[PDB]
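For the protein sequence lines, the chains are A and B, in the order given. For the first sequence, the working numbering assigns the number 1 to the initial residue and increments by one for each residue that follows. For the second sequence, the working numbering assigns the number 1001 to the initial residue and increments by one for each residue that follows.
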Amino acid sequence: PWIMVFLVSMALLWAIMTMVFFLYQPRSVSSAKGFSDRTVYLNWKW
Amino acid sequence: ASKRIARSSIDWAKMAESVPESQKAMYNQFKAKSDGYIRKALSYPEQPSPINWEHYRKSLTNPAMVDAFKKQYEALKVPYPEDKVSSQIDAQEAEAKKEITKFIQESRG
């Protein structure tokens, strides 16, 4: 049954591929230190 | 007099509490250049030396010239100089008010 073995093995290898694809830890370490310098004071007239 | 020349100024203490140094380094000029207009204000009074007409009456045989010069000095009064920068400063003030209103609105947002 080499044809069914080939099809089941490749379907399982693709299933393992899409299991690993969603195996990640989303690290929300987006620091907001840029806003400490984004604000600019109003320029005067000289 | 010497009121609005010798014995008056603007409070610089609240001025230095906002300026972000390198952003407003012209304040270092503004505190200094206006100080030049204070330095010449150390000089230049209204009457720098009153004229002792009695001394010239005693030192001259004919005091009629002294009385004539005293009358001419009293008959001449210099008024305050003309100004044409007031409207320019008012226009700059109005533009500053509009920009401050816009900046306050952006700060509120």
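Virtual Cβ for every residue (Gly too), placed ideally from N, Cα, C.
| Item | Value |
| --- | --- |
| With a threshold of 7 Å on Cβ separation, who are the neighbours of residue 1053(B) within its own chain once the five nearest residues in sequence on each side are excluded? | 1066 and 1070 |
| Is there a Cβ from chain E that is less than 8 Å from the Cβ of residue 45(A)? | In summary, chain E is missing from the structure at hand, where the protein chains are A and B. |
| Give me the Cα-Cα distance between residue 1093(B) and residue 1008(B), rounded to the nearest whole angstrom. | 22 Å |
| Counting pairs of beta carbons, one from the region 1091–1105 of chain B and one from the region 37–46 of chain A, are three or more of them closer than 8 Å? | yes |
| Tell me which residues of the region 8–23 of chain A have at least one Cβ-Cβ distance to chain B shorter than 7 Å, keeping chain order. | none |
| Please confirm if residue 1015(B) has its CB atom under 8 Å from at least one CB of chain A. | no |
| Keeping to the same chain, check which residues put their C-beta closer than 7 Å to that of residue 47(A); ignore five residues upstream and five downstream. | An answer regarding residue 47(A) cannot be provided, because it is not within the stretch 1 to 46 covered by chain A. |
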